[PDB]
>>> print(open('work.pdb').read())   # PDB, C-alpha atoms
ATOM      1  CA  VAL A   1      10.940  14.535  58.431  1.00  0.00           C
ATOM      2  CA  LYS A   2      11.712  12.139  61.316  1.00  0.00           C
ATOM      3  CA  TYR A   3       8.889   9.868  62.369  1.00  0.00           C
ATOM      4  CA  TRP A   4       9.247   6.778  64.565  1.00  0.00           C
ATOM      5  CA  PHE A   5       7.472   3.450  64.547  1.00  0.00           C
ATOM      6  CA  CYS A   6       7.404   0.265  66.534  1.00  0.00           C
ATOM      7  CA  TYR A   7       7.162  -3.347  65.417  1.00  0.00           C
ATOM      8  CA  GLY A   8       7.671  -6.341  67.642  1.00  0.00           C
ATOM      9  CA  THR A   9       9.726  -5.403  70.692  1.00  0.00           C
ATOM     10  CA  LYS A  10      11.616  -2.603  68.977  1.00  0.00           C
ATOM     11  CA  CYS A  11      10.880   0.891  67.855  1.00  0.00           C
ATOM     12  CA  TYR A  12      12.495   2.702  64.961  1.00  0.00           C
ATOM     13  CA  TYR A  13      13.379   6.230  63.981  1.00  0.00           C
ATOM     14  CA  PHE A  14      13.322   6.867  60.263  1.00  0.00           C
ATOM     15  CA  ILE A  15      15.208  10.105  59.704  1.00  0.00           C
ATOM     16  CA  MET A  16      14.469  11.471  56.229  1.00  0.00           C
ATOM     17  CA  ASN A  17      17.480  13.710  55.908  1.00  0.00           C
ATOM     18  CA  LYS A  18      19.739  12.271  53.165  1.00  0.00           C
ATOM     19  CA  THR A  19      23.242  12.647  54.719  1.00  0.00           C
ATOM     20  CA  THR A  20      26.462  10.655  54.745  1.00  0.00           C
ATOM     21  CA  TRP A  21      26.169   7.434  56.787  1.00  0.00           C
ATOM     22  CA  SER A  22      28.033   9.109  59.655  1.00  0.00           C
ATOM     23  CA  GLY A  23      24.873  11.170  59.722  1.00  0.00           C
ATOM     24  CA  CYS A  24      22.784   8.547  61.501  1.00  0.00           C
ATOM     25  CA  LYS A  25      25.126   8.078  64.388  1.00  0.00           C
ATOM     26  CA  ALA A  26      25.180  11.870  64.742  1.00  0.00           C
ATOM     27  CA  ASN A  27      21.360  12.136  64.686  1.00  0.00           C
ATOM     28  CA  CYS A  28      20.557   8.802  66.311  1.00  0.00           C
ATOM     29  CA  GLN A  29      23.267   9.147  68.970  1.00  0.00           C
ATOM     30  CA  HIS A  30      21.799  12.620  69.504  1.00  0.00           C
ATOM     31  CA  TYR A  31      18.239  11.285  69.474  1.00  0.00           C
ATOM     32  CA  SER A  32      19.711   9.018  72.208  1.00  0.00           C
ATOM     33  CA  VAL A  33      18.887   5.929  70.134  1.00  0.00           C
ATOM     34  CA  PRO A  34      21.518   3.786  68.433  1.00  0.00           C
ATOM     35  CA  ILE A  35      21.454   3.619  64.659  1.00  0.00           C
ATOM     36  CA  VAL A  36      19.541   0.459  63.574  1.00  0.00           C
ATOM     37  CA  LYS A  37      20.702  -3.144  63.969  1.00  0.00           C
ATOM     38  CA  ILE A  38      18.786  -5.578  61.717  1.00  0.00           C
ATOM     39  CA  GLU A  39      18.773  -8.558  64.054  1.00  0.00           C
ATOM     40  CA  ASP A  40      16.710 -11.056  62.096  1.00  0.00           C
ATOM     41  CA  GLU A  41      14.844 -11.909  58.932  1.00  0.00           C
ATOM     42  CA  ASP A  42      11.456 -11.122  60.515  1.00  0.00           C
ATOM     43  CA  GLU A  43      12.793  -7.598  61.100  1.00  0.00           C
ATOM     44  CA  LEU A  44      14.976  -7.006  58.077  1.00  0.00           C
ATOM     45  CA  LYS A  45      12.039  -7.608  55.838  1.00  0.00           C
ATOM     46  CA  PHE A  46       9.762  -5.533  58.030  1.00  0.00           C
ATOM     47  CA  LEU A  47      11.819  -2.446  57.405  1.00  0.00           C
ATOM     48  CA  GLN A  48      11.873  -2.955  53.677  1.00  0.00           C
ATOM     49  CA  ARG A  49       8.139  -3.837  53.558  1.00  0.00           C
ATOM     50  CA  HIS A  50       7.467  -0.891  55.843  1.00  0.00           C
ATOM     51  CA  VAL A  51      10.034   1.611  54.573  1.00  0.00           C
ATOM     52  CA  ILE A  52       9.331   3.984  51.700  1.00  0.00           C
ATOM     53  CA  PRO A  53      11.191   2.979  48.476  1.00  0.00           C
ATOM     54  CA  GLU A  54      14.628   4.512  49.099  1.00  0.00           C
ATOM     55  CA  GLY A  55      18.253   4.291  50.239  1.00  0.00           C
ATOM     56  CA  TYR A  56      18.262   3.612  53.978  1.00  0.00           C
ATOM     57  CA  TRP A  57      21.358   3.351  56.124  1.00  0.00           C
ATOM     58  CA  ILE A  58      21.686   0.776  58.956  1.00  0.00           C
ATOM     59  CA  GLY A  59      24.242   0.176  61.728  1.00  0.00           C
ATOM     60  CA  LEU A  60      26.418  -2.078  59.572  1.00  0.00           C
ATOM     61  CA  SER A  61      29.825  -0.616  58.649  1.00  0.00           C
ATOM     62  CA  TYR A  62      33.445  -1.606  57.946  1.00  0.00           C
ATOM     63  CA  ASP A  63      36.088  -1.641  60.689  1.00  0.00           C
ATOM     64  CA  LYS A  64      39.895  -1.599  60.316  1.00  0.00           C
ATOM     65  CA  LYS A  65      40.774  -2.815  63.813  1.00  0.00           C
ATOM     66  CA  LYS A  66      38.989  -5.836  62.396  1.00  0.00           C
ATOM     67  CA  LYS A  67      39.025  -7.155  58.871  1.00  0.00           C
ATOM     68  CA  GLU A  68      35.225  -7.558  59.258  1.00  0.00           C
ATOM     69  CA  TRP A  69      31.912  -5.669  59.248  1.00  0.00           C
ATOM     70  CA  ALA A  70      29.850  -5.062  62.380  1.00  0.00           C
ATOM     71  CA  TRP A  71      26.944  -3.219  63.934  1.00  0.00           C
ATOM     72  CA  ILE A  72      27.955  -0.421  66.278  1.00  0.00           C
ATOM     73  CA  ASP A  73      26.744  -2.778  68.951  1.00  0.00           C
ATOM     74  CA  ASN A  74      27.253  -6.517  69.237  1.00  0.00           C
ATOM     75  CA  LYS A  75      23.409 -10.875  66.038  1.00  0.00           C
ATOM     76  CA  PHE A  76      21.207 -13.508  64.343  1.00  0.00           C
ATOM     77  CA  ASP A  77      21.860 -12.661  60.625  1.00  0.00           C
ATOM     78  CA  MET A  78      24.801 -12.711  58.172  1.00  0.00           C
ATOM     79  CA  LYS A  79      27.072 -11.582  55.261  1.00  0.00           C
ATOM     80  CA  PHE A  80      30.451 -10.040  50.230  1.00  0.00           C
ATOM     81  CA  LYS A  81      32.855  -7.778  52.071  1.00  0.00           C
ATOM     82  CA  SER A  82      35.072  -4.894  50.722  1.00  0.00           C
ATOM     83  CA  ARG A  83      34.776  -1.649  52.556  1.00  0.00           C
ATOM     84  CA  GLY A  84      32.409   1.287  53.106  1.00  0.00           C
ATOM     85  CA  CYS A  85      28.990   1.058  54.722  1.00  0.00           C
ATOM     86  CA  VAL A  86      25.704  -0.655  53.901  1.00  0.00           C
ATOM     87  CA  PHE A  87      22.383   0.802  52.753  1.00  0.00           C
ATOM     88  CA  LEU A  88      18.976  -0.753  53.137  1.00  0.00           C
ATOM     89  CA  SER A  89      16.465  -0.661  50.285  1.00  0.00           C
ATOM     90  CA  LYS A  90      13.004  -2.182  49.771  1.00  0.00           C
ATOM     91  CA  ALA A  91      14.876  -4.771  47.676  1.00  0.00           C
ATOM     92  CA  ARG A  92      17.922  -5.583  49.838  1.00  0.00           C
ATOM     93  CA  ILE A  93      20.791  -4.196  51.891  1.00  0.00           C
ATOM     94  CA  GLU A  94      24.155  -3.550  50.213  1.00  0.00           C
ATOM     95  CA  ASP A  95      27.459  -1.674  50.666  1.00  0.00           C
ATOM     96  CA  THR A  96      29.222   1.472  49.377  1.00  0.00           C
ATOM     97  CA  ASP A  97      30.618   4.818  50.563  1.00  0.00           C
ATOM     98  CA  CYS A  98      29.591   6.235  53.861  1.00  0.00           C
ATOM     99  CA  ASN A  99      30.022   9.740  52.490  1.00  0.00           C
ATOM    100  CA  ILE A 100      26.990   9.272  50.174  1.00  0.00           C
ATOM    101  CA  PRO A 101      23.804  11.168  51.268  1.00  0.00           C
ATOM    102  CA  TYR A 102      21.103   8.833  52.675  1.00  0.00           C
ATOM    103  CA  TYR A 103      18.233   8.261  55.143  1.00  0.00           C
ATOM    104  CA  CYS A 104      18.547   6.757  58.609  1.00  0.00           C
ATOM    105  CA  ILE A 105      16.833   4.145  60.596  1.00  0.00           C
ATOM    106  CA  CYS A 106      17.780   4.220  64.209  1.00  0.00           C
ATOM    107  CA  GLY A 107      16.228   1.601  66.497  1.00  0.00           C
ATOM    108  CA  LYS A 108      16.057   1.056  70.243  1.00  0.00           C
ATOM    109  CA  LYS A 109      15.263  -2.276  71.856  1.00  0.00           C
ATOM    110  CA  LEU A 110      12.391  -2.514  74.320  1.00  0.00           C
ATOM    111  CA  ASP A 111      12.577  -4.075  77.797  1.00  0.00           C
ATOM    112  CA  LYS A 112       9.288  -2.891  79.253  1.00  0.00           C
ATOM    113  CA  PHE A 113       6.144  -1.462  77.783  1.00  0.00           C
TER     114      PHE A 113
ATOM    115  CA  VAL B   1       0.462 -16.986  78.472  1.00  0.00           C
ATOM    116  CA  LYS B   2       1.009 -13.205  78.492  1.00  0.00           C
ATOM    117  CA  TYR B   3       3.231 -11.873  75.702  1.00  0.00           C
ATOM    118  CA  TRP B   4       3.367  -8.340  74.303  1.00  0.00           C
ATOM    119  CA  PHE B   5       3.950  -6.606  71.019  1.00  0.00           C
ATOM    120  CA  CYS B   6       4.077  -3.130  69.525  1.00  0.00           C
ATOM    121  CA  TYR B   7       2.653  -2.000  66.195  1.00  0.00           C
ATOM    122  CA  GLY B   8       2.856   1.665  65.246  1.00  0.00           C
ATOM    123  CA  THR B   9       2.755   3.961  68.291  1.00  0.00           C
ATOM    124  CA  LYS B  10       0.758   1.436  70.247  1.00  0.00           C
ATOM    125  CA  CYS B  11       2.007  -1.549  72.251  1.00  0.00           C
ATOM    126  CA  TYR B  12      -0.312  -4.400  73.144  1.00  0.00           C
ATOM    127  CA  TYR B  13      -0.418  -7.316  75.533  1.00  0.00           C
ATOM    128  CA  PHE B  14      -2.085 -10.537  74.633  1.00  0.00           C
ATOM    129  CA  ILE B  15      -3.274 -12.455  77.657  1.00  0.00           C
ATOM    130  CA  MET B  16      -3.939 -16.135  77.095  1.00  0.00           C
ATOM    131  CA  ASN B  17      -6.236 -16.805  80.018  1.00  0.00           C
ATOM    132  CA  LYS B  18      -9.750 -17.551  78.743  1.00  0.00           C
ATOM    133  CA  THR B  19     -11.918 -15.552  81.201  1.00  0.00           C
ATOM    134  CA  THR B  20     -14.982 -13.312  81.284  1.00  0.00           C
ATOM    135  CA  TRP B  21     -14.603  -9.987  79.497  1.00  0.00           C
ATOM    136  CA  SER B  22     -14.621  -8.391  82.965  1.00  0.00           C
ATOM    137  CA  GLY B  23     -11.441 -10.418  83.130  1.00  0.00           C
ATOM    138  CA  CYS B  24      -9.301  -7.987  81.128  1.00  0.00           C
ATOM    139  CA  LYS B  25     -10.601  -5.239  83.381  1.00  0.00           C
ATOM    140  CA  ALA B  26      -8.745  -7.200  86.079  1.00  0.00           C
ATOM    141  CA  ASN B  27      -5.805  -8.486  84.012  1.00  0.00           C
ATOM    142  CA  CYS B  28      -5.008  -5.378  81.961  1.00  0.00           C
ATOM    143  CA  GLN B  29      -5.493  -3.035  84.915  1.00  0.00           C
ATOM    144  CA  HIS B  30      -3.349  -5.552  86.764  1.00  0.00           C
ATOM    145  CA  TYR B  31      -0.783  -4.909  84.062  1.00  0.00           C
ATOM    146  CA  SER B  32      -1.392  -1.130  84.105  1.00  0.00           C
ATOM    147  CA  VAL B  33      -2.726  -1.033  80.560  1.00  0.00           C
ATOM    148  CA  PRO B  34      -6.289  -0.330  79.531  1.00  0.00           C
ATOM    149  CA  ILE B  35      -8.273  -3.120  77.955  1.00  0.00           C
ATOM    150  CA  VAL B  36      -7.564  -2.538  74.222  1.00  0.00           C
ATOM    151  CA  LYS B  37      -9.247   0.158  72.187  1.00  0.00           C
ATOM    152  CA  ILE B  38      -9.283  -0.485  68.467  1.00  0.00           C
ATOM    153  CA  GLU B  39      -8.915   2.959  66.933  1.00  0.00           C
ATOM    154  CA  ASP B  40      -9.231   1.678  63.310  1.00  0.00           C
ATOM    155  CA  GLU B  41      -8.822  -0.942  60.517  1.00  0.00           C
ATOM    156  CA  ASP B  42      -5.082  -0.423  59.957  1.00  0.00           C
ATOM    157  CA  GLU B  43      -4.790  -1.319  63.624  1.00  0.00           C
ATOM    158  CA  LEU B  44      -7.763  -3.660  63.811  1.00  0.00           C
ATOM    159  CA  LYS B  45      -6.579  -5.879  61.015  1.00  0.00           C
ATOM    160  CA  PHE B  46      -3.084  -6.005  62.533  1.00  0.00           C
ATOM    161  CA  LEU B  47      -4.685  -7.455  65.672  1.00  0.00           C
ATOM    162  CA  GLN B  48      -6.796  -9.958  63.765  1.00  0.00           C
ATOM    163  CA  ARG B  49      -4.003 -10.978  61.377  1.00  0.00           C
ATOM    164  CA  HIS B  50      -1.357 -10.991  64.146  1.00  0.00           C
ATOM    165  CA  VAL B  51      -3.557 -12.512  66.789  1.00  0.00           C
ATOM    166  CA  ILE B  52      -3.618 -16.300  66.818  1.00  0.00           C
ATOM    167  CA  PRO B  53      -7.021 -17.828  65.801  1.00  0.00           C
ATOM    168  CA  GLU B  54      -9.080 -17.283  68.906  1.00  0.00           C
ATOM    169  CA  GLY B  55     -11.754 -15.320  70.694  1.00  0.00           C
ATOM    170  CA  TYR B  56     -10.125 -12.086  71.847  1.00  0.00           C
ATOM    171  CA  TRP B  57     -11.840  -9.423  73.911  1.00  0.00           C
ATOM    172  CA  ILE B  58     -11.528  -5.694  73.075  1.00  0.00           C
ATOM    173  CA  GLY B  59     -12.408  -2.592  75.094  1.00  0.00           C
ATOM    174  CA  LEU B  60     -15.868  -2.360  73.519  1.00  0.00           C
ATOM    175  CA  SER B  61     -18.932  -2.961  75.754  1.00  0.00           C
ATOM    176  CA  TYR B  62     -22.577  -2.021  76.477  1.00  0.00           C
ATOM    177  CA  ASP B  63     -22.918   0.870  78.941  1.00  0.00           C
ATOM    178  CA  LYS B  64     -25.678   2.011  81.348  1.00  0.00           C
ATOM    179  CA  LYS B  65     -25.614   5.787  81.227  1.00  0.00           C
ATOM    180  CA  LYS B  66     -26.060   5.190  77.537  1.00  0.00           C
ATOM    181  CA  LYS B  67     -27.956   2.865  75.245  1.00  0.00           C
ATOM    182  CA  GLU B  68     -24.649   2.825  73.399  1.00  0.00           C
ATOM    183  CA  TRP B  69     -21.419   0.852  73.233  1.00  0.00           C
ATOM    184  CA  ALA B  70     -18.084   2.386  74.328  1.00  0.00           C
ATOM    185  CA  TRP B  71     -14.519   1.354  75.181  1.00  0.00           C
ATOM    186  CA  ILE B  72     -12.946   3.812  77.605  1.00  0.00           C
ATOM    187  CA  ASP B  73     -13.330   7.054  75.593  1.00  0.00           C
ATOM    188  CA  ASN B  74     -14.459   7.569  71.963  1.00  0.00           C
ATOM    189  CA  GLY B  75     -12.413   7.527  68.746  1.00  0.00           C
ATOM    190  CA  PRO B  76     -12.362   7.220  64.891  1.00  0.00           C
ATOM    191  CA  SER B  77     -14.656   4.329  65.625  1.00  0.00           C
ATOM    192  CA  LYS B  78     -17.843   4.275  63.684  1.00  0.00           C
ATOM    193  CA  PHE B  79     -19.317   0.929  63.161  1.00  0.00           C
ATOM    194  CA  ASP B  80     -22.709   0.567  64.723  1.00  0.00           C
ATOM    195  CA  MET B  81     -22.787  -2.387  62.330  1.00  0.00           C
ATOM    196  CA  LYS B  82     -24.747  -4.943  64.412  1.00  0.00           C
ATOM    197  CA  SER B  83     -28.368  -5.022  71.241  1.00  0.00           C
ATOM    198  CA  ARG B  84     -25.975  -5.746  74.269  1.00  0.00           C
ATOM    199  CA  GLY B  85     -23.143  -7.657  75.989  1.00  0.00           C
ATOM    200  CA  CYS B  86     -19.500  -7.403  74.952  1.00  0.00           C
ATOM    201  CA  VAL B  87     -17.580  -7.881  71.736  1.00  0.00           C
ATOM    202  CA  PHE B  88     -14.846 -10.372  70.908  1.00  0.00           C
ATOM    203  CA  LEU B  89     -12.264 -10.375  68.159  1.00  0.00           C
ATOM    204  CA  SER B  90     -11.555 -13.245  65.814  1.00  0.00           C
ATOM    205  CA  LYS B  91      -9.112 -13.394  62.916  1.00  0.00           C
ATOM    206  CA  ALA B  92     -12.364 -12.914  60.948  1.00  0.00           C
ATOM    207  CA  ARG B  93     -14.061 -10.060  62.769  1.00  0.00           C
ATOM    208  CA  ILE B  94     -15.331  -8.486  65.952  1.00  0.00           C
ATOM    209  CA  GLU B  95     -18.807  -9.324  67.298  1.00  0.00           C
ATOM    210  CA  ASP B  96     -20.910  -9.108  70.474  1.00  0.00           C
ATOM    211  CA  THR B  97     -22.287 -11.488  73.134  1.00  0.00           C
ATOM    212  CA  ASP B  98     -21.971 -12.258  76.897  1.00  0.00           C
ATOM    213  CA  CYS B  99     -19.027 -10.976  78.780  1.00  0.00           C
ATOM    214  CA  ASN B 100     -19.188 -13.917  81.200  1.00  0.00           C
ATOM    215  CA  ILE B 101     -17.580 -16.053  78.461  1.00  0.00           C
ATOM    216  CA  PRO B 102     -14.091 -17.605  78.838  1.00  0.00           C
ATOM    217  CA  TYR B 103     -11.992 -15.537  76.404  1.00  0.00           C
ATOM    218  CA  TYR B 104      -8.607 -13.876  75.844  1.00  0.00           C
ATOM    219  CA  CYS B 105      -7.390 -10.322  76.468  1.00  0.00           C
ATOM    220  CA  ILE B 106      -5.692  -7.674  74.443  1.00  0.00           C
ATOM    221  CA  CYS B 107      -4.434  -4.857  76.579  1.00  0.00           C
ATOM    222  CA  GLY B 108      -3.235  -1.940  74.452  1.00  0.00           C
ATOM    223  CA  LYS B 109      -1.590   1.289  75.573  1.00  0.00           C
ATOM    224  CA  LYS B 110      -0.577   4.254  73.415  1.00  0.00           C
ATOM    225  CA  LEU B 111       2.860   5.753  73.276  1.00  0.00           C
ATOM    226  CA  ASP B 112       4.076   9.331  73.507  1.00  0.00           C
ATOM    227  CA  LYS B 113       7.807   8.845  73.256  1.00  0.00           C
ATOM    228  CA  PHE B 114       9.971   5.971  72.262  1.00  0.00           C
ATOM    229  CA  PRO B 115      11.693   4.979  75.589  1.00  0.00           C
TER     230      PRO B 115
END
>>> encode(input="work.pdb", output="structure tokens")
Amino acid sequence: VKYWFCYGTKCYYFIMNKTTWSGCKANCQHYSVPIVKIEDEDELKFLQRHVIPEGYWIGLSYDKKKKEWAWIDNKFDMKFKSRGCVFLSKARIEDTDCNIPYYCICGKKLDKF
Amino acid sequence: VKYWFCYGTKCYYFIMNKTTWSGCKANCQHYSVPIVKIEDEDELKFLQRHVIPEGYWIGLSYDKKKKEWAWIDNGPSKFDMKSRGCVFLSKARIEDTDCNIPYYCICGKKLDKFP
């Protein structure tokens, strides 16, 4: 199951194939669309409100060449840090292992129509 | 004012230039998107709720080669709920009357991809 949907000026790809975080990139990158990047409250909530009650990955992960966390691509929204990767739920986002099987949410930005 | 948005697989355009219904014809075509065609409530509401409180046109209108009302084609439309003219959209509902009235447009294309 891999439907897509658009809200505001962005479209999303909700892969429903519970794999380790590094699974989105793989899919998403393959589906030529970056893994999601929750850019604002308006959005963040949209995904939860939209999304089906479950563990959803997002582009936020931990880097070593940086003590911080970041989206594959750099945002108007912010951060407790440790390590791992973050999942998005209908309740809130939150971290943990990237090797834990989950669902994706890629998302491309729109520039036209 | 001409901003756009996308809900579901459809992207819209909301023109803020109060003109005659035959105005979208011009505007939307000018923007390469059909005047909007409200396929259903899920969508309809989204337009009403999302749309700012105002009279907004929609692809629905009284045709010649018919006695009926159409948009561009024919879809999971149904409501022959209320004679002639054109129909506007308000945060409350849709409704008919003259097309020569200074209103706003809602162009709305469909999508087939993502890009």
>>> atom_distance(input="work.pdb", atom1="atom CA of residue B:77", atom2="atom CA of residue A:14")
28.6 Å
>>> interface_residues(input="work.pdb", of="chain A", to="chain B", cutoff="12 Å", atoms="only C-alpha atoms", output="PyMOL selection string")
chain A and resi 3-13+31-33+46+50+106-113
>>> residues_around(input="work.pdb", residues="stretch 47-60 of chain B", least_positions_apart="5", cutoff="10 Å", atoms="only C-alpha atoms", output="mmCIF file with C-alpha atoms, in the coordinates of the input")
data_model
loop_
_atom_site.group_PDB
_atom_site.id
_atom_site.type_symbol
_atom_site.label_atom_id
_atom_site.label_comp_id
_atom_site.auth_asym_id
_atom_site.auth_seq_id
_atom_site.Cartn_x
_atom_site.Cartn_y
_atom_site.Cartn_z
ATOM 1 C CA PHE B 5 3.950 -6.606 71.019
ATOM 2 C CA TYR B 7 2.653 -2.000 66.195
ATOM 3 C CA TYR B 12 -0.312 -4.400 73.144
ATOM 4 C CA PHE B 14 -2.085 -10.537 74.633
ATOM 5 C CA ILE B 15 -3.274 -12.455 77.657
ATOM 6 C CA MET B 16 -3.939 -16.135 77.095
ATOM 7 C CA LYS B 18 -9.750 -17.551 78.743
ATOM 8 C CA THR B 19 -11.918 -15.552 81.201
ATOM 9 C CA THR B 20 -14.982 -13.312 81.284
ATOM 10 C CA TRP B 21 -14.603 -9.987 79.497
ATOM 11 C CA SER B 22 -14.621 -8.391 82.965
ATOM 12 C CA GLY B 23 -11.441 -10.418 83.130
ATOM 13 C CA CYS B 24 -9.301 -7.987 81.128
ATOM 14 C CA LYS B 25 -10.601 -5.239 83.381
ATOM 15 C CA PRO B 34 -6.289 -0.330 79.531
ATOM 16 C CA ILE B 35 -8.273 -3.120 77.955
ATOM 17 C CA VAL B 36 -7.564 -2.538 74.222
ATOM 18 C CA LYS B 37 -9.247 0.158 72.187
ATOM 19 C CA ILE B 38 -9.283 -0.485 68.467
ATOM 20 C CA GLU B 41 -8.822 -0.942 60.517
ATOM 21 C CA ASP B 42 -5.082 -0.423 59.957
ATOM 22 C CA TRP B 69 -21.419 0.852 73.233
ATOM 23 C CA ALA B 70 -18.084 2.386 74.328
ATOM 24 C CA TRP B 71 -14.519 1.354 75.181
ATOM 25 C CA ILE B 72 -12.946 3.812 77.605
ATOM 26 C CA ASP B 73 -13.330 7.054 75.593
ATOM 27 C CA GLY B 85 -23.143 -7.657 75.989
ATOM 28 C CA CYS B 86 -19.500 -7.403 74.952
ATOM 29 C CA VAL B 87 -17.580 -7.881 71.736
ATOM 30 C CA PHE B 88 -14.846 -10.372 70.908
ATOM 31 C CA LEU B 89 -12.264 -10.375 68.159
ATOM 32 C CA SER B 90 -11.555 -13.245 65.814
ATOM 33 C CA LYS B 91 -9.112 -13.394 62.916
ATOM 34 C CA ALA B 92 -12.364 -12.914 60.948
ATOM 35 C CA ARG B 93 -14.061 -10.060 62.769
ATOM 36 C CA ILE B 94 -15.331 -8.486 65.952
ATOM 37 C CA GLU B 95 -18.807 -9.324 67.298
ATOM 38 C CA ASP B 96 -20.910 -9.108 70.474
ATOM 39 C CA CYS B 99 -19.027 -10.976 78.780
ATOM 40 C CA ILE B 101 -17.580 -16.053 78.461
ATOM 41 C CA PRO B 102 -14.091 -17.605 78.838
ATOM 42 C CA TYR B 103 -11.992 -15.537 76.404
ATOM 43 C CA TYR B 104 -8.607 -13.876 75.844
ATOM 44 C CA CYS B 105 -7.390 -10.322 76.468
ATOM 45 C CA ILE B 106 -5.692 -7.674 74.443
ATOM 46 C CA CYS B 107 -4.434 -4.857 76.579
ATOM 47 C CA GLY B 108 -3.235 -1.940 74.452
#
>>> axis_aligned_box(input="work.pdb", around="stretch 19-27 of chain B", padding_each_side="8 Å", output="JSON")
{"center_x": -10.4, "center_y": -10.4, "center_z": 82.8, "size_x": 25.2, "size_y": 26.3, "size_z": 22.6}
>>> residues_around(input="work.pdb", residues="residue A:78", least_positions_apart="6", cutoff="12 Å", atoms="all atoms listed in the file", output="list in words")
residues 37, 38, 39, 40, 41, 44, 60, 68, 69, 70, 71 and 93 of chain A
>>> closest_residue(input="work.pdb", among="B:27, B:84, B:40, B:1", to="residue B:66", atoms="all atoms listed in the file")
B:84
>>> atom_distance(input="work.pdb", atom1="atom CA of residue B:63", atom2="atom CA of residue B:2")
27.8 Å
>>> atom_distance(input="work.pdb", atom1="atom CA of residue A:22", atom2="atom CA of residue A:76")
24.1 Å
>>> resolve_selection(input="work.pdb", expression="the PyMOL selection byres ((chain A and resi 61) around 10)", output="VMD selection string")
chain A and resid 21 to 22 57 to 60 62 to 63 68 to 72 83 to 87 95 to 98
>>> closest_residue(input="work.pdb", among="A:52, A:28, A:100, A:88", to="residue A:15", atoms="only C-alpha atoms")
A:28
>>> decode(input="work.pdb", residues="stretch 42-54 of chain B", atoms="N, CA, C and O atoms", output="mmCIF file, in the first residue's frame")
data_model
loop_
_atom_site.group_PDB
_atom_site.id
_atom_site.type_symbol
_atom_site.label_atom_id
_atom_site.label_comp_id
_atom_site.auth_asym_id
_atom_site.auth_seq_id
_atom_site.Cartn_x
_atom_site.Cartn_y
_atom_site.Cartn_z
ATOM 1 N N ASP B 42 -16.808 15.583 0.396
ATOM 2 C CA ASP B 42 -15.484 15.557 0.995
ATOM 3 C C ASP B 42 -14.770 16.762 0.419
ATOM 4 O O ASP B 42 -14.239 17.598 1.157
ATOM 5 N N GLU B 43 -14.780 16.854 -0.909
ATOM 6 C CA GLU B 43 -14.153 17.968 -1.603
ATOM 7 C C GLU B 43 -14.938 19.246 -1.373
ATOM 8 O O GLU B 43 -14.387 20.227 -0.895
ATOM 9 N N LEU B 44 -16.219 19.238 -1.719
ATOM 10 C CA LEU B 44 -17.035 20.427 -1.535
ATOM 11 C C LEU B 44 -16.762 21.095 -0.200
ATOM 12 O O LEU B 44 -16.288 22.225 -0.151
ATOM 13 N N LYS B 45 -17.067 20.412 0.889
ATOM 14 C CA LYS B 45 -16.838 21.027 2.172
ATOM 15 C C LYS B 45 -15.465 21.683 2.210
ATOM 16 O O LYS B 45 -15.367 22.891 2.453
ATOM 17 N N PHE B 46 -14.412 20.914 1.935
ATOM 18 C CA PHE B 46 -13.058 21.473 1.944
ATOM 19 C C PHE B 46 -13.000 22.862 1.305
ATOM 20 O O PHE B 46 -12.328 23.752 1.815
ATOM 21 N N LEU B 47 -13.687 23.037 0.180
ATOM 22 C CA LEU B 47 -13.713 24.327 -0.493
ATOM 23 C C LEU B 47 -14.443 25.335 0.383
ATOM 24 O O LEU B 47 -13.914 26.404 0.681
ATOM 25 N N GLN B 48 -15.652 24.996 0.812
ATOM 26 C CA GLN B 48 -16.406 25.904 1.658
ATOM 27 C C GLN B 48 -15.595 26.246 2.910
ATOM 28 O O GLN B 48 -15.266 27.419 3.145
ATOM 29 N N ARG B 49 -15.257 25.230 3.703
ATOM 30 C CA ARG B 49 -14.499 25.463 4.931
ATOM 31 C C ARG B 49 -13.224 26.264 4.671
ATOM 32 O O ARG B 49 -12.994 27.293 5.311
ATOM 33 N N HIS B 50 -12.413 25.798 3.719
ATOM 34 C CA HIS B 50 -11.151 26.454 3.357
ATOM 35 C C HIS B 50 -11.344 27.839 2.767
ATOM 36 O O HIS B 50 -10.656 28.789 3.122
ATOM 37 N N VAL B 51 -12.272 27.939 1.836
ATOM 38 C CA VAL B 51 -12.529 29.209 1.199
ATOM 39 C C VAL B 51 -12.881 30.271 2.237
ATOM 40 O O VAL B 51 -13.519 29.981 3.254
ATOM 41 N N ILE B 52 -12.443 31.498 1.986
ATOM 42 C CA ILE B 52 -12.746 32.592 2.890
ATOM 43 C C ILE B 52 -14.201 32.971 2.602
ATOM 44 O O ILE B 52 -14.658 32.839 1.459
ATOM 45 N N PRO B 53 -14.948 33.444 3.627
ATOM 46 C CA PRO B 53 -16.361 33.830 3.476
ATOM 47 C C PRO B 53 -16.617 34.740 2.298
ATOM 48 O O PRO B 53 -16.389 35.943 2.373
ATOM 49 N N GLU B 54 -17.104 34.158 1.209
ATOM 50 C CA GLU B 54 -17.375 34.943 0.025
ATOM 51 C C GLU B 54 -18.096 34.159 -1.067
ATOM 52 O O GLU B 54 -18.187 32.930 -1.028
#
